[PDB]
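One structure is given here, and the rest of the page talks about it.
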There are 2 protein chains.
Amino acid sequence: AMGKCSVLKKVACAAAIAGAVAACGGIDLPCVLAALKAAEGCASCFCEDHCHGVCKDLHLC
Amino acid sequence: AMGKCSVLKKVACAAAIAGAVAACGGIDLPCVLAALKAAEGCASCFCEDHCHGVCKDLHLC
């Protein structure tokens, strides 16, 4: 029902995030955030150790 | 002179760049950008080799 960027399927990070990462050099959050707010395959897989601003602002960790 | 945040007053980065660290808890960039625009005191001290995240967004390098 409700699961916009929820848990369990957050391991799908190695797909959407992997492709979004290649859109900004590789391994970024402030810049990659633009394509990070799409679908439900993010969460505490990417912005886990990266919980400073941009992504943490939307609460993904 | 006409040089806001130019390559000279780069040494003054110890105030805005080192200050933004304590402002957002730690050092990085995603959230450090906020207190980075403190008039100036930025220059080639930030965004140099760190021109990946918001550092390129707020063109400095």
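All residue names refer to the structure tokens as shown: chains lettered A, B, ... in order, residues numbered from 1 in each chain, ligands numbered from 1 in order.
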Tell me as an MDAnalysis selection string which residues belonging to chain A come within 7 Å of chain B, counting only C-alpha atoms. chainID A and resid 28:31 52:54
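Chains of identical sequence, chain B and chain A give a C-alpha root-mean-square deviation of 1.2 Å after superposition over all matched alpha carbons.
Residues lying within 7 Å of region 58-60 of chain A, counting only C-alpha atoms and ignoring same-chain neighbours fewer than 4 positions away, are residues 43, 44 and 47 of chain A.
Here the DSSP assignment of helix (DSSP H, G or I), based on backbone atoms, applies within chain A to residues 9, 10, 11, 12, 13, 14, 15, 16, 17, 18, 19, 20, 21, 33, 34, 35, 36, 54, 55, 56 and 57 of chain A.
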